[PDB]
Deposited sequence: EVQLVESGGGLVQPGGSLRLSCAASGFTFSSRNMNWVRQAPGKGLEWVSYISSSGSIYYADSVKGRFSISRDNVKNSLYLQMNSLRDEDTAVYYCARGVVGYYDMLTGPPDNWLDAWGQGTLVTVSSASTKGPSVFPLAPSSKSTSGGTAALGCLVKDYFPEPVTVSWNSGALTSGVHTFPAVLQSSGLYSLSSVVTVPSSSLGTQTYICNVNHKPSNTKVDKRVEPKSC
């Protein structure tokens, strides 16, 4: 069956360049028009580029002058070259198969409905550098107690509670990306207030790239 594989994504700095490659199998690649479509994280789809069987090329205005589309029919592959990368370019890029190429006597746009989609390659553009998590606990006021990490790059970070013995009642809340490119996360544990008077809570947060391991005690 149809297989579309995307490669060449990564975390790159703004103003950088990179090449994305799509390998096509299970269909006659030369006859099909092909497209590149991107989806920013937690956001909607955006069309980037189109290449016809004939080689007619259309680009979105946002990517013009910075992105180029190419095809090799012998290698059955599609390529997107990306230059002068920006933070807005950060997205998951999808290889998309269009309709079978045709010659149209009539005027108008080509038919482009995308039946086949690849799993995609994530491209992240950030000016950020590795930063140790800065941890500040959130004091109680059942009671809710938690730990907060600020201005850390990059994810993953791991949070454990009281050496990990406490599993129930603890929620690790989602990380937030700031304009800086730094990430902020909170972990909240819910347990009896009667327990709060008699039970100590210590949260262990580990950031492997930073190689900083910290333990924080939350008390009323």
Hey, which stretches of the deposited sequence didn't make it into the model? 142 to 148, 228 to 230
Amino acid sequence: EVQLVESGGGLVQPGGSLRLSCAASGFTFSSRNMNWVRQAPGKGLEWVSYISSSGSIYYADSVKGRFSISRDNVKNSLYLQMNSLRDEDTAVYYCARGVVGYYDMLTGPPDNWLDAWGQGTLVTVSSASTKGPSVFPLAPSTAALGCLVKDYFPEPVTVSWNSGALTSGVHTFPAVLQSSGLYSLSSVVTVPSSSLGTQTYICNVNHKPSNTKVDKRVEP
From here on, numbers count along this sequence of modelled residues.
Where do the C-alpha atoms have the higher mean temperature factor in this entry, in 211 to 219 or in 4 to 12? 211 to 219
Going by the mean C-alpha B-factor recorded in the entry, which is higher: 61 to 69 or 158 to 166? 158 to 166
Please pick out which of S17, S21, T200, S25 has the largest Cα B-factor as recorded in the entry. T200
Take the CA temperature factors straight from the PDB entry and tell me which of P41, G181, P192, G55 peaks. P192
Quick check on the deposited entry: does the C-alpha B-factor of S129 sit in the lowest, middle or highest third of its chain? middle
Based on the entry's values, in what third of the chain does the Cα temperature factor of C95 lie: lowest, middle or highest? lowest
Would you check the entry's CA temperature factor for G120 and let me know if it's in the chain's lowest, middle or highest third? middle
With respect to C-alpha B-factor, does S49 fall in the lowest, middle or highest third of the chain as deposited? middle
Per the entry's values, where does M82 land by CA temperature factor relative to the rest of its chain, in the lowest, middle or highest third? lowest
